[PDB]
>>> print(open('final-v2.tsv').read())   # TSV, N, CA and C atoms and all ligand atoms
chain	number	residue	atom	x	y	z
A	1	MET	N	145.73	91.76	149.25
A	1	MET	CA	146.56	90.86	150.09
A	1	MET	C	147.94	90.66	149.46
A	2	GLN	N	148.89	90.25	150.28
A	2	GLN	CA	150.26	90.06	149.82
A	2	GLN	C	150.64	88.60	149.67
A	3	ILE	N	151.24	88.26	148.53
A	3	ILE	CA	151.71	86.90	148.28
A	3	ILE	C	153.12	87.00	147.71
A	4	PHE	N	153.85	85.89	147.72
A	4	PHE	CA	155.21	85.88	147.21
A	4	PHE	C	155.36	84.86	146.09
A	5	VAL	N	156.25	85.15	145.14
A	5	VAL	CA	156.49	84.25	144.01
A	5	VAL	C	158.00	84.02	143.87
A	6	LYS	N	158.39	82.75	143.82
A	6	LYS	CA	159.79	82.36	143.67
A	6	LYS	C	160.08	82.05	142.20
A	7	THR	N	161.02	82.77	141.60
A	7	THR	CA	161.37	82.55	140.20
A	7	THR	C	162.27	81.33	140.04
A	8	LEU	N	162.62	81.02	138.80
A	8	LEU	CA	163.47	79.88	138.51
A	8	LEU	C	164.90	80.07	139.00
A	9	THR	N	165.27	81.30	139.33
A	9	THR	CA	166.61	81.60	139.83
A	9	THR	C	166.62	81.67	141.36
A	10	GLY	N	165.44	81.52	141.96
A	10	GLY	CA	165.34	81.57	143.41
A	10	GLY	C	164.99	82.95	143.93
A	11	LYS	N	164.94	83.92	143.02
A	11	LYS	CA	164.61	85.29	143.38
A	11	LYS	C	163.17	85.31	143.91
A	12	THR	N	162.91	86.15	144.90
A	12	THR	CA	161.57	86.25	145.46
A	12	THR	C	160.97	87.62	145.19
A	13	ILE	N	159.81	87.64	144.53
A	13	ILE	CA	159.14	88.89	144.25
A	13	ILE	C	157.84	88.95	145.03
A	14	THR	N	157.44	90.15	145.40
A	14	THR	CA	156.23	90.35	146.17
A	14	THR	C	155.15	90.92	145.26
A	15	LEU	N	153.92	90.46	145.46
A	15	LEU	CA	152.79	90.91	144.66
A	15	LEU	C	151.62	91.33	145.53
A	16	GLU	N	150.91	92.36	145.09
A	16	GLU	CA	149.72	92.83	145.78
A	16	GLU	C	148.59	92.31	144.90
A	17	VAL	N	147.72	91.49	145.48
A	17	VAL	CA	146.62	90.89	144.74
A	17	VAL	C	145.35	90.82	145.57
A	18	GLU	N	144.26	90.44	144.92
A	18	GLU	CA	142.97	90.28	145.59
A	18	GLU	C	142.62	88.80	145.59
A	19	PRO	N	141.84	88.35	146.59
A	19	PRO	CA	141.44	86.94	146.68
A	19	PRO	C	140.81	86.41	145.39
A	20	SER	N	140.12	87.30	144.66
A	20	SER	CA	139.43	86.95	143.42
A	20	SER	C	140.27	87.07	142.15
A	21	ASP	N	141.51	87.52	142.27
A	21	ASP	CA	142.36	87.63	141.09
A	21	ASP	C	142.53	86.26	140.47
A	22	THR	N	142.52	86.21	139.14
A	22	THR	CA	142.71	84.97	138.42
A	22	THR	C	144.21	84.77	138.28
A	23	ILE	N	144.60	83.56	137.91
A	23	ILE	CA	146.01	83.25	137.72
A	23	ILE	C	146.51	84.08	136.54
A	24	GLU	N	145.63	84.32	135.58
A	24	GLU	CA	145.98	85.14	134.43
A	24	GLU	C	146.42	86.54	134.88
A	25	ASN	N	145.70	87.10	135.86
A	25	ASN	CA	146.03	88.43	136.40
A	25	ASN	C	147.40	88.40	137.07
A	26	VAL	N	147.65	87.34	137.84
A	26	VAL	CA	148.93	87.18	138.53
A	26	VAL	C	150.08	87.08	137.53
A	27	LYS	N	149.88	86.30	136.46
A	27	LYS	CA	150.93	86.16	135.45
A	27	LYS	C	151.26	87.51	134.81
A	28	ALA	N	150.24	88.34	134.59
A	28	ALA	CA	150.46	89.66	134.01
A	28	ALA	C	151.30	90.52	134.97
A	29	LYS	N	151.04	90.40	136.27
A	29	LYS	CA	151.79	91.16	137.26
A	29	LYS	C	153.25	90.69	137.29
A	30	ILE	N	153.45	89.39	137.12
A	30	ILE	CA	154.81	88.83	137.12
A	30	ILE	C	155.55	89.34	135.88
A	31	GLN	N	154.83	89.45	134.76
A	31	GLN	CA	155.44	89.95	133.54
A	31	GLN	C	155.92	91.38	133.75
A	32	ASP	N	155.10	92.21	134.40
A	32	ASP	CA	155.51	93.59	134.65
A	32	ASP	C	156.73	93.67	135.55
A	33	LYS	N	156.76	92.83	136.57
A	33	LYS	CA	157.88	92.82	137.51
A	33	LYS	C	159.19	92.28	136.93
A	34	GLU	N	159.12	91.12	136.28
A	34	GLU	CA	160.31	90.47	135.75
A	34	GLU	C	160.49	90.37	134.24
A	35	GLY	N	159.43	90.63	133.48
A	35	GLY	CA	159.54	90.56	132.03
A	35	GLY	C	159.40	89.16	131.46
A	36	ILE	N	158.94	88.23	132.30
A	36	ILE	CA	158.75	86.85	131.87
A	36	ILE	C	157.41	86.72	131.16
A	37	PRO	N	157.42	86.28	129.89
A	37	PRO	CA	156.18	86.13	129.13
A	37	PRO	C	155.21	85.17	129.82
A	38	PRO	N	153.92	85.55	129.90
A	38	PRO	CA	152.86	84.76	130.53
A	38	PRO	C	152.74	83.33	130.02
A	39	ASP	N	152.87	83.15	128.71
A	39	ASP	CA	152.74	81.81	128.15
A	39	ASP	C	153.87	80.84	128.51
A	40	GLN	N	154.94	81.36	129.12
A	40	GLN	CA	156.04	80.49	129.53
A	40	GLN	C	156.05	80.36	131.05
A	41	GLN	N	155.04	80.94	131.68
A	41	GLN	CA	154.91	80.89	133.13
A	41	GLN	C	154.01	79.75	133.56
A	42	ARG	N	154.52	78.93	134.47
A	42	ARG	CA	153.77	77.81	135.02
A	42	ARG	C	153.87	78.00	136.53
A	43	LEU	N	152.73	78.19	137.19
A	43	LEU	CA	152.70	78.42	138.63
A	43	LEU	C	152.23	77.21	139.42
A	44	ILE	N	152.88	77.00	140.56
A	44	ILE	CA	152.56	75.89	141.45
A	44	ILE	C	152.33	76.41	142.87
A	45	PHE	N	151.39	75.78	143.57
A	45	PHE	CA	151.09	76.13	144.95
A	45	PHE	C	150.75	74.85	145.70
A	46	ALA	N	151.58	74.50	146.67
A	46	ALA	CA	151.38	73.30	147.47
A	46	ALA	C	151.17	72.08	146.57
A	47	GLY	N	152.08	71.90	145.62
A	47	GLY	CA	151.99	70.77	144.71
A	47	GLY	C	150.85	70.82	143.71
A	48	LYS	N	150.11	71.92	143.68
A	48	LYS	CA	149.00	72.05	142.74
A	48	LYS	C	149.34	72.98	141.59
A	49	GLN	N	149.10	72.51	140.37
A	49	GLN	CA	149.36	73.31	139.18
A	49	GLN	C	148.19	74.27	139.04
A	50	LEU	N	148.48	75.56	138.92
A	50	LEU	CA	147.42	76.56	138.82
A	50	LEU	C	147.00	76.90	137.39
A	51	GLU	N	145.70	76.83	137.13
A	51	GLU	CA	145.14	77.13	135.81
A	51	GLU	C	144.83	78.61	135.69
A	52	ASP	N	145.07	79.16	134.50
A	52	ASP	CA	144.87	80.57	134.22
A	52	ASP	C	143.49	81.17	134.50
A	53	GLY	N	142.43	80.41	134.26
A	53	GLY	CA	141.09	80.92	134.47
A	53	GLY	C	140.47	80.76	135.85
A	54	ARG	N	141.25	80.24	136.80
A	54	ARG	CA	140.77	80.05	138.16
A	54	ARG	C	141.32	81.18	139.03
A	55	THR	N	140.72	81.39	140.20
A	55	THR	CA	141.16	82.45	141.11
A	55	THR	C	142.02	81.92	142.26
A	56	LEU	N	142.66	82.85	142.97
A	56	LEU	CA	143.50	82.48	144.10
A	56	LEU	C	142.69	81.75	145.17
A	57	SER	N	141.47	82.24	145.43
A	57	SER	CA	140.62	81.62	146.44
A	57	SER	C	140.21	80.20	146.05
A	58	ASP	N	140.09	79.93	144.75
A	58	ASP	CA	139.73	78.59	144.29
A	58	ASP	C	140.76	77.57	144.75
A	59	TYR	N	141.98	78.04	144.98
A	59	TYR	CA	143.05	77.15	145.41
A	59	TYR	C	143.40	77.33	146.88
A	60	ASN	N	142.58	78.09	147.59
A	60	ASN	CA	142.79	78.35	149.02
A	60	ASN	C	144.11	79.06	149.29
A	61	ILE	N	144.52	79.92	148.37
A	61	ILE	CA	145.74	80.68	148.53
A	61	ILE	C	145.39	81.87	149.41
A	62	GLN	N	146.04	81.96	150.56
A	62	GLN	CA	145.78	83.05	151.50
A	62	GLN	C	146.92	84.04	151.57
A	63	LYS	N	146.71	85.11	152.34
A	63	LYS	CA	147.72	86.15	152.50
A	63	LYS	C	149.06	85.56	152.92
A	64	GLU	N	150.14	86.12	152.37
A	64	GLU	CA	151.50	85.68	152.67
A	64	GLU	C	151.90	84.32	152.09
A	65	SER	N	151.06	83.75	151.24
A	65	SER	CA	151.38	82.46	150.62
A	65	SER	C	152.51	82.65	149.62
A	66	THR	N	153.21	81.57	149.30
A	66	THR	CA	154.30	81.63	148.34
A	66	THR	C	154.02	80.69	147.17
A	67	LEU	N	154.09	81.21	145.95
A	67	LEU	CA	153.88	80.41	144.74
A	67	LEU	C	155.23	80.21	144.06
A	68	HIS	N	155.34	79.13	143.30
A	68	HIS	CA	156.59	78.85	142.61
A	68	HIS	C	156.44	78.80	141.09
A	69	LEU	N	157.38	79.46	140.41
A	69	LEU	CA	157.41	79.43	138.96
A	69	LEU	C	158.27	78.22	138.63
A	70	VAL	N	157.80	77.39	137.70
A	70	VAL	CA	158.54	76.19	137.32
A	70	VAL	C	158.60	76.06	135.80
B	1	ZN	ZN	158.29	76.89	149.09
>>> encode(input="final-v2.tsv", output="structure tokens", more="lines below")
Ligand SMILES: [Zn+2]
Amino acid sequence: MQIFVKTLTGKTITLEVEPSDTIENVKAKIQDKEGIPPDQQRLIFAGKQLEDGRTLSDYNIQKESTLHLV
């Protein structure tokens, strides 16, 4: 499925992920795309802070959703 991530500069990157991907997996993909170290990445979705060991489905993140780096 496709989701979008907004960086701290407002840039929007697209990611191909699976419903079961963990936040840790997503952070690794962001690192490959932008070079931002995982440990300095904090992701938010609908006002919810996302934990590394949980999956996208755990947060009801569906196709075309947008996450924010803060
Ligand atoms: Zn938004």
>>> residues_near_ligand(input="final-v2.tsv", ligand="ligand ZN 1 (chain B)", cutoff="8 Å", atoms="only C-alpha atoms and all ligand atoms", output="PyMOL selection string")
chain A and resi 6+46+66-68
>>> residues_near_point(input="final-v2.tsv", point="(159.1, 79.6, 140.1)", cutoff="9 Å", atoms="only C-alpha atoms", output="list in words")
residues 5, 6, 7, 8, 9, 10, 11, 12, 41, 42, 43, 44, 67, 68, 69 and 70 of chain A
>>> residues_around(input="final-v2.tsv", residues="stretch 49-54 of chain A", least_positions_apart="3", cutoff="7 Å", atoms="all atoms listed in the file", output="list in words")
residues 20, 21, 22, 23, 24, 25, 42, 43, 44, 45, 46, 57, 58 and 59 of chain A
>>> atom_distance(input="final-v2.tsv", atom1="atom C of residue A:17", atom2="atom N of residue A:63")
9.0 Å
>>> atom_distance(input="final-v2.tsv", atom1="atom CA of residue A:60", atom2="atom CA of residue A:38")
22.0 Å
>>> closest_residue(input="final-v2.tsv", among="A:28, A:34, A:61, A:40", to="residue A:2", atoms="only C-alpha atoms")
A:61
>>> atom_distance(input="final-v2.tsv", atom1="atom C of residue A:36", atom2="atom CA of residue A:62")
23.7 Å
>>> select_by_dssp(input="final-v2.tsv", residues="chain A", states="alpha helix (DSSP H)", output="list in words")
residues 23, 24, 25, 26, 27, 28, 29, 30, 31, 32, 33 and 34 of chain A
>>> select_by_dssp(input="final-v2.tsv", residues="chain A", states="strand (DSSP E)", output="list in words")
residues 2, 3, 4, 5, 6, 12, 13, 14, 15, 16, 43, 44, 45, 48, 49, 66, 67, 68 and 69 of chain A
>>> closest_residue(input="final-v2.tsv", among="A:65, A:39, A:48, A:55", to="residue A:15", atoms="only C-alpha atoms")
A:65
>>> closest_residue(input="final-v2.tsv", among="A:31, A:4, A:13, A:19", to="residue A:56", atoms="all atoms listed in the file")
A:19
>>> closest_residue(input="final-v2.tsv", among="A:35, A:29, A:47, A:16", to="residue A:3", atoms="only N, CA and C atoms")
A:16
